[PDB]
Each structure stands twice: as structure tokens, then as C-alpha cells.
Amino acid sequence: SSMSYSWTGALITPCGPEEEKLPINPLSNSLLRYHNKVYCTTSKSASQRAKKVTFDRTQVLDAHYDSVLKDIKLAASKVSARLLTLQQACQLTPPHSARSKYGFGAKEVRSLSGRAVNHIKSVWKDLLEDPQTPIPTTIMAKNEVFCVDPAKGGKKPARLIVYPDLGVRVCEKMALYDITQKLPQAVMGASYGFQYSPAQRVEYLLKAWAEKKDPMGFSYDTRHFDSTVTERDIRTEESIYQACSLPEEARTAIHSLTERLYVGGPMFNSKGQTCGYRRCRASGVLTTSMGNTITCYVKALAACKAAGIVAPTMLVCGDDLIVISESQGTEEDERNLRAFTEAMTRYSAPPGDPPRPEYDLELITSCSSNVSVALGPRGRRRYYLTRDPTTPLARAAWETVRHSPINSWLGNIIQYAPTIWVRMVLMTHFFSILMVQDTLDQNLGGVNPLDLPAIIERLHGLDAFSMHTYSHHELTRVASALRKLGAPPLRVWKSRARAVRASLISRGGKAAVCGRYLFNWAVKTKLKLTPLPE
């Protein structure tokens, strides 16, 4: 039936100028050598992304879908949700949010300026009065950094982002913010991934795995998910929203947003031209995550049922899914996954790479990450979350006139502190740099470098400073990512770490704590690291 997009042929223009790397990268030329491999997806590539996602969708539902959908609405009705005052919605707008066409931006919205509030007041009136006129959207190319991969095509084309004007974004929030906070967890219970921290995620997977007599695991992702979402899916999304108890004023707003925005509309490029028309998810609306998550969950739970997956325990985050079940033998397990995938394909969520049963927790990747294992200070197995370092390292070497990557280093150091690639590579580089520019006591992204051991202890446990004997997969992948980017191998970082450590300790104070906890892996004279007041 429905084509995901149609195109006037106008270009998908850039929303500003897209910075180029420079002939010297002074922050990262010590980190890695292959700067030619680090690139930023650009709007020039936007039309290739368009070709890849423009396609025809035929959806065939069935008893299993209908059944799961039914049960999900009974869940929805145990939910009470309120409108949000125009003001409360204004103040949830992020500080840099793209300004409105109508001559005001996010400063004004967040400070409740009167031109902003009056405009928004009328946009909301118009949603209540008019329940069908399509609402124009702006289409744009996302700039993200990656390492080139000649195996999978060289350079990825840019993701397409599609969004309404600021005034509309606020009204979305008035109608739906409260729902986004309550509904997903109500519908999906323990399966809703975003509710968990990373360490809860790991614990959840291990409990799931442990409780099977004979576990089997797999993951699924949908190829161009936003494109695979149909009008009917979006309307089914509405009817799930409507199954809650809601002010009538909300229902009309939901219904109107659904029909005027969510199921489709005209798209304008950044220079004002009509660009095309859209009959799938616009990634950029408030309901993107919740919508994706819920809809993925319906299809997936139905597909599980269509396929005989026994005692499934799910984790869903957007279009990213993990299922851990009772193996029915591998011959059956293969047949059932073939079936799972056929069902998802009938429901219009076809796979990027078709899935595969696995019987070892390390081999299951989802949300670009997986669980691994190492040994802790007393010899006990310590399970933790990790990922291929390729992208984080690439992003670590993105330096331009506008952008510095030091924040990226820190963010990864915190999130992935127990991994061998953060400990040996990023930490060493990060500290090495700040020491030399003598900027340790400074505050990056509202964090102080000198607080890290505390921060990491709070978050990952003290075992993060004493883990050893990392896995073959993980050693191989790290080694291999450093070779791919022209970074020193691990033995060299061992050396640089000793040096950094020594210099940090001689500095004394917090510095020295940093040096003793964060780099104990680097010495043979391993210390007895004790818990930290802070």
C-alpha cells in the first residue's frame, strides 16, 4: 500500500555550514594517527539516505498481533495522565532548541516571554479547532562522526531528521509529556529498557539468563525503523494513548497531532522549498521514543508468539530488542527465529541483519553494546557493559574550529570506566592531556576530572579499579580497533599510563587519588584500594 516518502526533487539543504577537520589535530594526534578515517556525515549524503528509506510497505497483521494489542490497551487503562500547562511545557524545552519561524527561540520559550506564549497559545487553539490540516515540517540531515568502514560501504549517509516548528513542539509536550512518563512502563513493565540503569540492565540480563533451565538469547533491530512505521501503526499508537484516562482537551489534541503531524505531512528543506511528503514516523517528534518503543514491543511480542518462543523475557529500547528464552534445541531455535523474522517482516519491521540464536551472553549485541566478563580483585567473575571502541575513538579525534572532543572522552570514561579500552586508552590520554595543559581542576560538562574515582565508584563499584583478565572477544576487539585507527597498541598505553600515574601521584592531593585508583592496573606494585568517603 503506502510509500514511506515521495520527493519533489528539491535538495535536503544544510542547516548552517558543516565544519571540516584541520591539517593538525593537536588534542588527538597523540591518540591516533588515521585521521583520514574519521569523518562526519554530511547533508550532501542526505539524498542517498532518502533512496535507502523510500519504499513500499505492506503490513499484514494477525491473531497474534491483535491479541497482544488487546492486552496492551487493558494495560493502558490502568494509567491516569494529565495535560501540562502551557508554561510547564515551555520549561521542558531544551536550552538550544531550534528557534521558531515566527521570530522567537528557546530563551524566550523557557523564560515565558509574552510573544512566545501568545504564539503558542494560538497554536494550541488551532489544534483544538482544526483536526486535519497537515502541519508543515522541516527535514534535515544529522551530522554524526564515525570511522570509515570499507566492509559496510565506506561512509554512512546522514540520518534524516524531521520536525515541526518550535511552537508545535511545545504543544506536543502539553498533550503528551505526561503520557511519555507513565505509559511505556505501564504497558511493558520490566521489559521497558530506558527505565534501567546500565548496571541494572546487566543484572536484568543475568537474572533472565539464570532463570532458564536452558537459555537461548537473541537480539533484533529494524532496518530504517522510522521508515517502516505505517499510518496504521501511528493511529494504533493514538488509540493506545487514548486508552488512558485523559482530559477531553488532551484527547482532541492527541487526535489532532496524530492526524495532522504524526501520520504524515509535507516536508520543507532548510531553505524553504517543498521537499517531499511523508507517510511514516518523523523522527523528531515527542512521540519518537515512546512510539518506537511501544510499537516495536507490540510487533515483537506478537512475532514471539507467532514463532513459539518459549518463556520469553524481553528488553526493549526503541527498535532495539533482546529476547532471552528457553531453548527448544538448536534445530528448532533456528526455525523459530526464521519465523520470528518472517512475522516481524509481515508486520513491517524487517531486520537490518537477520537474527541468530546464541547460547552465550557475550555474543548478544543491542544498542551498540553487550555484556562481558572479567575477574575482580578477589577472583570473582564481574559482568559489565562494553562495546566496540571504533566509534568512541573516532569521536575522540573529532576536533574542529567549533568542536572539542574532550567532553566525549569524559563521557565515555564515565559510562565505560570498567572496560579495558577506557582504562588503558582513554583515561591515559585524557589525564595525560589535562596534566600537560595544567587544567585538571577545571570543570568539563559539569564534572570535575579530580572527582572521577568517586564518580566511578558511585556508579560502577570499586571493582572497576581492580578488574583484570578481560575476555578474548574484548581483547581482540580493542586491539583490532586501535590498529584500525592507527593508535598505539595496548603495551604502549601500559607505558604511557605508568608515566601519567607517577606524575599524577607526585602532584599529591586529589590528583594523586586519581593516579592511585584510576591507574592501579598499570603497576606490578598493585595497591589495596579502599572505599572512598565522597
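Numbering starts at 1 and follows the sequence shown.
A summary of the deposited B-factors shows that, of 381 to 389 and 73 to 81, the stretch with the larger mean C-alpha value is 73 to 81.
When 437 to 445 is weighed against 350 to 358, 437 to 445 comes out higher, by mean CA B-factor as recorded in the entry. Highest CA B-factor among the listed residues (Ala151, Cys296, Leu176, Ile161): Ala151. Each of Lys125, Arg281, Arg169, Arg110 has a CA temperature factor in the record; the biggest one is found at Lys125. Ranked by Cα temperature factor within the chain, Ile24 sits in the lowest third according to the deposited record. Per-chain ranking of the deposited C-alpha B factor places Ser67 in the middle third. In the PDB entry, a CA B factor belonging to the highest third of its chain's modelled residues is recorded for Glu249.
The entry lists a Cα temperature factor for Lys142 that places it in the middle third of the chain's modelled residues. Per the PDB record, residue ranking by Cα B-factor puts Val492 in the middle third of the chain.
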